[PDB]
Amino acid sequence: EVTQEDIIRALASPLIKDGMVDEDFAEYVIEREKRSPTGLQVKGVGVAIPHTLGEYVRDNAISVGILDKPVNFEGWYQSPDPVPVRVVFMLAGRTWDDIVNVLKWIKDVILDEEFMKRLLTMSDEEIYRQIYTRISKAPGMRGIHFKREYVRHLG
């Protein structure tokens, strides 16, 4: 029932209403998600990182979506089968170095097996608290905005 475009637009809406991306941002992300897939498989649980290369970006932010039912994403690397994604990290990077820092931080946090197990059961407030604590401890992540309304379940 939940498509890729629905996920992209739902994760982009709070960034648009808070003034950190332009309106067309989502419409471009979808486009890039067709040409540059962002599907990742980390110990069964799938992860997607939709983002742009700085276009339509006013400030840095993360938008987290927790899919209760997996949605198929084309893999970052080639495979005969796609990736059943349950966790989506919408990335709004203004410069290339910000995008690289956020990508490295996401790579570091998705390998956390217990944290990825907790992400699929905690509420929005607890996910916000955990991700805020993990962002404050990262010296490369600070400068990226993260609010309570940047986390949502899509069931």
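Quick note: we count residues from 1 along the sequence shown, nothing fancier.
Stretch comparison (111 to 119 versus 24 to 32) by mean CA B-factor in the PDB entry places 111 to 119 on top. In the deposited entry, the Cα temperature factor of residue 6 sits in the middle third of values across the chain's modelled residues.
The entry lists a Cα temperature factor for residue 38 that places it in the lowest third of the chain's modelled residues. Among all modelled residues in its chain, residue 96 ranks in the middle third by Cα B-factor. Among all modelled residues in its chain, residue 50 ranks in the lowest third by Cα B-factor.
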